[PDB]
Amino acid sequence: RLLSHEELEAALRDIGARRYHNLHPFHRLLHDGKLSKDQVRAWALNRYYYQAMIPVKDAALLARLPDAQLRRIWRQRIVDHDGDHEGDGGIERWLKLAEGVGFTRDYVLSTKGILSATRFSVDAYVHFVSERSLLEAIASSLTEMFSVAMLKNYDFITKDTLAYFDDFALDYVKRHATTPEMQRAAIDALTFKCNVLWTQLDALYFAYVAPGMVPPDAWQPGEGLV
């Protein structure tokens, strides 16, 4: 059955209802101030890498777009993440958060203590947008309809860290998901995105919460800190 524009939207939002990472138990702990300092440390370290790789995902999408009108819209994501100079952009907050909990700038930029799961989840996402259909690659951005950075609950985070946290894709998917199969592909792309986010959190819980088996390349408490 082809879904109308309203029904497709409703189906899409449902995937977030059921699968978006706010429902993950690591996220719940974070949000309720139930995490230890080392747990928050591991999350920040890992989320920094995710966020730093978003512009690389958007560039791989950008290089696949068929024309200039679509490049004009998509590139704005890259401009926003990177900004205009070092310290601008808003990748910057994620760096300042990591520095907020004691890591050296170099250790955070090196990516050296991130979980391999987070590296592989980003690899998947980057590849997904470069290899799948363009309808799919755009659909994977839809976690953006489930739009906050919890920190104020943790007394080891200083107000200076606090300081850095001071409808295109959906219209595209609606106009272009023209058969039932393309509607299924779009839904699945958002499910894949949800999986990319859920797998990072799984790894974080596993490594640093329970059973707490830190993988050997991954950050252990005390490393890369001031």
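Position 1 is the first residue in the sequence shown; the rest follow in order.
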query	finding
Absent coordinates between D166 and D167 - deposited residues affected, binned into four classes	10 or more
Between 118-126 and 94-102 (mean CA B-factor, as deposited), the higher	94-102
Per the entry, higher mean C-alpha B factor between 53-61 and 174-182	174-182
Given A11, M213, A218, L204, the residue at which the Cα B factor reaches its maximum	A11
Entry-reported Cα temperature factor of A149, expressed as the chain third it lands in	middle
Cα B factor band for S36 (lowest, middle or highest third within the chain)	middle
Within-chain third of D84 by Cα B-factor, per the entry	highest
Ranked against its chain, the third holding the CA B-factor of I157	highest
Third of the chain, ranked by Cα B-factor, where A68 sits	highest
